[PDB]
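Listing of coords_10.pdb, PDB, C-alpha atoms and all ligand atoms
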ATOM      1  CA  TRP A   4      -9.278   6.595 -11.036  1.00  0.00           C
ATOM      2  CA  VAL A   5      -8.963  10.335 -10.271  1.00  0.00           C
ATOM      3  CA  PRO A   6      -9.979  12.505 -13.230  1.00  0.00           C
ATOM      4  CA  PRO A   7      -7.418  15.078 -14.452  1.00  0.00           C
ATOM      5  CA  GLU A   8     -10.037  17.806 -13.980  1.00  0.00           C
ATOM      6  CA  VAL A   9      -9.614  17.386 -10.221  1.00  0.00           C
ATOM      7  CA  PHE A  10      -6.015  18.616 -10.379  1.00  0.00           C
ATOM      8  CA  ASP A  11      -6.901  22.108 -11.636  1.00  0.00           C
ATOM      9  CA  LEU A  12      -9.968  22.310  -9.331  1.00  0.00           C
ATOM     10  CA  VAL A  13      -7.773  21.895  -6.225  1.00  0.00           C
ATOM     11  CA  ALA A  14      -4.700  23.887  -7.368  1.00  0.00           C
ATOM     12  CA  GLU A  15      -5.488  27.168  -5.616  1.00  0.00           C
ATOM     13  CA  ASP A  16      -6.374  25.548  -2.252  1.00  0.00           C
ATOM     14  CA  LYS A  17      -3.418  23.187  -2.550  1.00  0.00           C
ATOM     15  CA  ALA A  18      -1.007  26.115  -2.897  1.00  0.00           C
ATOM     16  CA  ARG A  19      -2.557  27.906   0.104  1.00  0.00           C
ATOM     17  CA  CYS A  20      -2.660  24.796   2.306  1.00  0.00           C
ATOM     18  CA  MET A  21       0.992  23.969   1.556  1.00  0.00           C
ATOM     19  CA  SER A  22       2.059  27.537   2.288  1.00  0.00           C
ATOM     20  CA  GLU A  23       0.032  27.732   5.560  1.00  0.00           C
ATOM     21  CA  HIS A  24       1.432  24.502   6.930  1.00  0.00           C
ATOM     22  CA  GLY A  25       4.976  24.255   5.591  1.00  0.00           C
ATOM     23  CA  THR A  26       4.118  21.235   3.428  1.00  0.00           C
ATOM     24  CA  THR A  27       6.506  19.965   0.728  1.00  0.00           C
ATOM     25  CA  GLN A  28       5.474  18.051  -2.386  1.00  0.00           C
ATOM     26  CA  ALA A  29       7.874  15.292  -1.222  1.00  0.00           C
ATOM     27  CA  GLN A  30       5.730  14.901   1.921  1.00  0.00           C
ATOM     28  CA  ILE A  31       2.629  14.569  -0.249  1.00  0.00           C
ATOM     29  CA  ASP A  32       4.330  12.041  -2.561  1.00  0.00           C
ATOM     30  CA  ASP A  33       5.344  10.051   0.539  1.00  0.00           C
ATOM     31  CA  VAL A  34       1.764   9.916   1.915  1.00  0.00           C
ATOM     32  CA  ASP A  35       0.675   9.089  -1.630  1.00  0.00           C
ATOM     33  CA  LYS A  36       2.975   6.057  -1.591  1.00  0.00           C
ATOM     34  CA  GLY A  37       1.542   4.826   1.735  1.00  0.00           C
ATOM     35  CA  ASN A  38       4.074   6.360   4.139  1.00  0.00           C
ATOM     36  CA  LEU A  39       2.279   8.373   6.847  1.00  0.00           C
ATOM     37  CA  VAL A  40       3.906  10.138   9.798  1.00  0.00           C
ATOM     38  CA  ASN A  41       2.256  12.230  12.432  1.00  0.00           C
ATOM     39  CA  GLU A  42       3.947  15.497  11.324  1.00  0.00           C
ATOM     40  CA  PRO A  43       1.713  18.622  11.412  1.00  0.00           C
ATOM     41  CA  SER A  44       3.090  19.977   8.151  1.00  0.00           C
ATOM     42  CA  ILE A  45       1.522  17.007   6.289  1.00  0.00           C
ATOM     43  CA  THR A  46      -1.378  16.127   8.646  1.00  0.00           C
ATOM     44  CA  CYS A  47      -2.588  19.723   8.742  1.00  0.00           C
ATOM     45  CA  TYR A  48      -2.246  19.878   4.948  1.00  0.00           C
ATOM     46  CA  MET A  49      -4.610  16.904   4.646  1.00  0.00           C
ATOM     47  CA  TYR A  50      -7.115  18.534   7.050  1.00  0.00           C
ATOM     48  CA  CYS A  51      -6.747  21.834   5.198  1.00  0.00           C
ATOM     49  CA  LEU A  52      -7.546  20.400   1.789  1.00  0.00           C
ATOM     50  CA  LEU A  53     -10.520  18.280   2.992  1.00  0.00           C
ATOM     51  CA  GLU A  54     -11.959  21.354   4.735  1.00  0.00           C
ATOM     52  CA  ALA A  55     -11.581  23.475   1.582  1.00  0.00           C
ATOM     53  CA  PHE A  56     -13.946  21.093  -0.142  1.00  0.00           C
ATOM     54  CA  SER A  57     -16.423  20.736   2.731  1.00  0.00           C
ATOM     55  CA  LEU A  58     -15.417  17.134   3.349  1.00  0.00           C
ATOM     56  CA  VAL A  59     -14.784  17.812   7.008  1.00  0.00           C
ATOM     57  CA  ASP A  60     -16.108  20.348   9.542  1.00  0.00           C
ATOM     58  CA  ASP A  61     -14.398  22.441  12.278  1.00  0.00           C
ATOM     59  CA  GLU A  62     -13.764  19.308  14.409  1.00  0.00           C
ATOM     60  CA  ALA A  63     -12.675  17.030  11.574  1.00  0.00           C
ATOM     61  CA  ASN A  64     -15.965  15.171  11.421  1.00  0.00           C
ATOM     62  CA  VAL A  65     -16.245  13.724   7.910  1.00  0.00           C
ATOM     63  CA  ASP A  66     -19.289  14.547   5.768  1.00  0.00           C
ATOM     64  CA  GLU A  67     -19.962  11.064   4.397  1.00  0.00           C
ATOM     65  CA  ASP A  68     -22.578  12.153   1.855  1.00  0.00           C
ATOM     66  CA  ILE A  69     -20.392  14.831   0.265  1.00  0.00           C
ATOM     67  CA  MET A  70     -17.524  12.285   0.309  1.00  0.00           C
ATOM     68  CA  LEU A  71     -19.618   9.606  -1.411  1.00  0.00           C
ATOM     69  CA  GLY A  72     -20.811  12.339  -3.826  1.00  0.00           C
ATOM     70  CA  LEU A  73     -17.231  12.879  -5.019  1.00  0.00           C
ATOM     71  CA  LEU A  74     -16.174   9.244  -5.559  1.00  0.00           C
ATOM     72  CA  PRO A  75     -17.087   7.178  -8.646  1.00  0.00           C
ATOM     73  CA  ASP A  76     -19.585   4.315  -8.523  1.00  0.00           C
ATOM     74  CA  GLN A  77     -17.028   1.477  -8.573  1.00  0.00           C
ATOM     75  CA  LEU A  78     -15.597   2.760  -5.254  1.00  0.00           C
ATOM     76  CA  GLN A  79     -18.957   3.874  -3.789  1.00  0.00           C
ATOM     77  CA  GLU A  80     -19.533   0.985  -1.343  1.00  0.00           C
ATOM     78  CA  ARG A  81     -15.956  -0.047  -0.791  1.00  0.00           C
ATOM     79  CA  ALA A  82     -15.866   3.526   0.556  1.00  0.00           C
ATOM     80  CA  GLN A  83     -19.011   2.968   2.684  1.00  0.00           C
ATOM     81  CA  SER A  84     -17.273  -0.146   4.019  1.00  0.00           C
ATOM     82  CA  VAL A  85     -14.092   1.792   4.762  1.00  0.00           C
ATOM     83  CA  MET A  86     -16.080   4.634   6.400  1.00  0.00           C
ATOM     84  CA  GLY A  87     -17.897   2.090   8.615  1.00  0.00           C
ATOM     85  CA  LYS A  88     -14.543   0.959  10.023  1.00  0.00           C
ATOM     86  CA  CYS A  89     -12.723   4.270  10.089  1.00  0.00           C
ATOM     87  CA  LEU A  90     -15.376   6.790  11.181  1.00  0.00           C
ATOM     88  CA  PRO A  91     -15.907   8.459  13.547  1.00  0.00           C
ATOM     89  CA  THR A  92     -12.569  10.233  13.546  1.00  0.00           C
ATOM     90  CA  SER A  93     -10.637  10.426  16.837  1.00  0.00           C
ATOM     91  CA  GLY A  94      -7.434  12.262  17.778  1.00  0.00           C
ATOM     92  CA  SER A  95      -5.890  15.022  19.901  1.00  0.00           C
ATOM     93  CA  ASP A  96      -6.740  17.812  17.431  1.00  0.00           C
ATOM     94  CA  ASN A  97      -7.980  18.244  13.838  1.00  0.00           C
ATOM     95  CA  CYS A  98      -4.641  17.359  12.220  1.00  0.00           C
ATOM     96  CA  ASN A  99      -4.183  14.267  14.354  1.00  0.00           C
ATOM     97  CA  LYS A 100      -7.706  13.096  13.705  1.00  0.00           C
ATOM     98  CA  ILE A 101      -6.959  13.221   9.985  1.00  0.00           C
ATOM     99  CA  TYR A 102      -3.660  11.375  10.513  1.00  0.00           C
ATOM    100  CA  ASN A 103      -5.513   8.529  12.309  1.00  0.00           C
ATOM    101  CA  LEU A 104      -8.171   8.519   9.547  1.00  0.00           C
ATOM    102  CA  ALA A 105      -5.463   8.423   6.853  1.00  0.00           C
ATOM    103  CA  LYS A 106      -3.760   5.532   8.714  1.00  0.00           C
ATOM    104  CA  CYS A 107      -7.081   3.681   8.861  1.00  0.00           C
ATOM    105  CA  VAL A 108      -8.172   4.239   5.260  1.00  0.00           C
ATOM    106  CA  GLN A 109      -4.790   3.428   3.650  1.00  0.00           C
ATOM    107  CA  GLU A 110      -4.522   0.230   5.741  1.00  0.00           C
ATOM    108  CA  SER A 111      -8.122  -0.646   4.870  1.00  0.00           C
ATOM    109  CA  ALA A 112      -7.728   0.070   1.122  1.00  0.00           C
ATOM    110  CA  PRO A 113      -4.133   0.519  -0.155  1.00  0.00           C
ATOM    111  CA  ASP A 114      -4.609   0.093  -3.949  1.00  0.00           C
ATOM    112  CA  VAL A 115      -7.126   2.958  -4.040  1.00  0.00           C
ATOM    113  CA  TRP A 116      -5.417   5.206  -1.487  1.00  0.00           C
ATOM    114  CA  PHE A 117      -4.068   8.583  -2.660  1.00  0.00           C
ATOM    115  CA  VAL A 118      -3.639  12.246  -1.574  1.00  0.00           C
ATOM    116  CA  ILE A 119      -3.375  15.331  -3.867  1.00  0.00           C
TER     117      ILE A 119
HETATM  118  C1  LIG B   1      -9.632   9.919   3.073  1.00  0.00           C
HETATM  119  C2  LIG B   1      -9.209  10.756   4.252  1.00  0.00           C
HETATM  120  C3  LIG B   1      -7.692  10.773   4.427  1.00  0.00           C
HETATM  121  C4  LIG B   1      -7.037  12.113   4.131  1.00  0.00           C
HETATM  122  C5  LIG B   1      -7.242  12.562   2.674  1.00  0.00           C
HETATM  123  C6  LIG B   1      -6.059  13.355   2.109  1.00  0.00           C
HETATM  124  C7  LIG B   1      -6.398  14.758   1.614  1.00  0.00           C
HETATM  125  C8  LIG B   1      -6.795  14.792   0.129  1.00  0.00           C
HETATM  126  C9  LIG B   1      -8.077  15.612  -0.071  1.00  0.00           C
HETATM  127  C10 LIG B   1      -8.719  15.461  -1.452  1.00  0.00           C
HETATM  128  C11 LIG B   1      -9.491  16.727  -1.820  1.00  0.00           C
HETATM  129  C12 LIG B   1     -10.278  16.533  -3.108  1.00  0.00           C
HETATM  130  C13 LIG B   1     -11.376  17.576  -3.263  1.00  0.00           C
HETATM  131  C14 LIG B   1     -11.762  17.797  -4.717  1.00  0.00           C
HETATM  132  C15 LIG B   1     -13.244  17.564  -4.962  1.00  0.00           C
HETATM  133  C16 LIG B   1     -13.619  18.175  -6.295  1.00  0.00           C
HETATM  134  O1  LIG B   1     -13.580  19.423  -6.360  1.00  0.00           O
HETATM  135  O2  LIG B   1     -13.946  17.436  -7.274  1.00  0.00           O
HETATM  136 CL    CL B   2     -16.153  11.474  11.666  1.00  0.00          CL
END
Using the file provided, produce a representation of the structure as structure tokens.
Amino acid sequence: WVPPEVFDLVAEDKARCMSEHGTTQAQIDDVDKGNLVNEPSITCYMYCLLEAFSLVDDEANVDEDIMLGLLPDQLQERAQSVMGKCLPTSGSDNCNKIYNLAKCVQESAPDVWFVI
């Protein structure tokens, strides 16, 4: 469902986030396929990229309105349903909060789940 335009929009932040955190594309592909581990090089990548687009703040609180703003209408209240379950975020730090959120969302909605 993700438009191709999104890929060029995120390219610059994706490069920076991967470089900052030691992330490999293979780690991203693995999360993308539903396999999540609590490794900072991928969890901090996910936090990094969300933050770059104002989807989370300095304590990994999710901005639900901006998030709903970005999704298409067909997912718009599946997402509200998933956010009801999975928010607020909780964890030992920003990266771990996003790990637990990722775990929750992908379990709650696997056929829509993805990470760029
Ligand atoms: C759903 C929370 C779990 C963790 C999410 C994984 C990180 C992927 C972040 C996607 C960033 C997309 C921002 C692009 C918005 C746009 O410019 O159109
Ligand atoms: Cl939250």
Padded axis-aligned box of range 59-69 of chain A (3 Å per side), centre and edge lengths, Å, one decimal, as JSON:
{"center_x": -17.6, "center_y": 16.8, "center_z": 7.3, "size_x": 15.9, "size_y": 17.4, "size_z": 20.1}
Next on the checklist: 7 Å from ligand CL 2 (chain B) is the threshold here; counting only C-alpha atoms and all ligand atoms, which polymer residues fall inside it? Answer as number ranges by chain.
Outcome noted: A: 63-65, 90-92
Checklist entry - Neighbours of ligand LIG 1 (chain B) within 9 Å, counting only C-alpha atoms and all ligand atoms, as a count of residues only? => result 40
Checklist entry - So what do you get for CA of residue 98 in chain A versus CA of residue 16 in chain A, distance-wise? => result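 Computed distance, CA of residue 98 in chain A to CA of residue 16 in chain A, equals 16.7 Å.
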Next on the checklist: Please expand the PyMOL selection byres (((chain A and resi 30) around 10) and not hetatm) into the concrete residues it hits in this file, giving the result as a ChimeraX atom specification.
Outcome noted: /A:26-29,31-36,38-40,42,44-46,48
Checklist outcome for this item: residue 77 in chain A proximity check over A:47, A:115, A:99, A:18, using only C-alpha atoms: winner is A:115
Checklist entry - How far is it from CA of residue 22 in chain A to CA of residue 59 in chain A, in Å with one decimal? => result 20.0 Å
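Across the structure, CA of residue 20 in chain A and CA of residue 100 in chain A are spaced 17.1 Å apart.
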Next on the checklist: Ranking A:66, A:84, A:43, A:79 by minimum distance to residue 96 in chain A and counting only C-alpha atoms, which one comes first?
Outcome noted: A:43
Next on the checklist: Taking only C-alpha atoms into account, name the residue in A:69, A:113, A:14, A:61 that is nearest to residue 85 in chain A.
Outcome noted: A:113
Checklist entry - So, counting all atoms listed in the file, which residue among A:24, A:19, A:114, A:7 is closest to residue 81 in chain A? => result A:114
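Residue nearest residue 88 in chain A within the list A:15, A:110, A:23, A:60: A:110 [criterion: smallest interatomic distance, only C-alpha atoms].
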